[PDB]
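Next up: a single chain in structure tokens, the form deposited in one PDB entry.
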């Protein structure tokens, strides 16, 4: 209940989140750069938690969440979003995402998210 799959196209963001995740006692199961790969790693890893960036809509992270929920109704996904992306956030939650983190990330908020979701 501590393996996390981090999804983000941006390398730094991955580095960054991973950092935080690991400092808070969680472990990184793997990383992906889009929804597609995501679904795949999900299948192969069965991570406890997933973090899914949705700051770039054309990336269709939302569809990626609905796919995961299909394949795993009890999946625990947290979405990363940017300031002002309120409506996508809503969508994502309606889609089955458990909670959200807003960038620029605030360490305690992340850890708090990982925590609630467990």
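Positions refer to the first chain, counted from 1. Take the two forms, find the largest set of C-alpha atoms that superpose within 1.5 Å, and that set is the rigid core. Only residues modelled in both forms are compared.
Another form, the form solved in complex with a partner chain, is not on view; read the next lines as being about it.
S.K.: State the residue from 49, 39, 62, 89 whose non-hydrogen atoms include one within 4.5 Å of the partner chain in the deposited complex.
M.R.: Going through each option in turn, the one that passes is 89.
S.K.: Taking 4.5 angstroms as the cut-off for heavy atoms, does residue 85 touch the partner chain in the deposited complex?
M.R.: So residue 85 counts as contacting the partner chain.
S.K.: Determine whether any heavy atom of residue 45 comes within 4.5 Å of a heavy atom of the partner chain in the deposited complex, and answer yes or no.
M.R.: The answer is no: residue 45 has no heavy atom within 4.5 Å of the partner chain.
S.K.: Check whether residue 102 has any heavy atom within 4.5 Å of a heavy atom of the partner chain in the deposited complex, and answer yes or no.
M.R.: Output for residue 102 is yes: heavy atoms within 4.5 Å of the partner chain.
S.K.: Applying a 4.5 Å heavy atom distance criterion, does residue 71 contact the partner chain in the deposited complex?
M.R.: Although the partner chain is absent here, residue 71 would stay clear of it in the deposited complex, with no heavy atoms inside 4.5 Å.
S.K.: Listed by sequence position, which runs of three or more consecutive residues have C-alpha shifts of 2 Å or more between the shown form and the other one, the rigid core held fixed?
M.R.: These are the shifted runs between the shown form and the other one: 55 to 59, 83 to 86.
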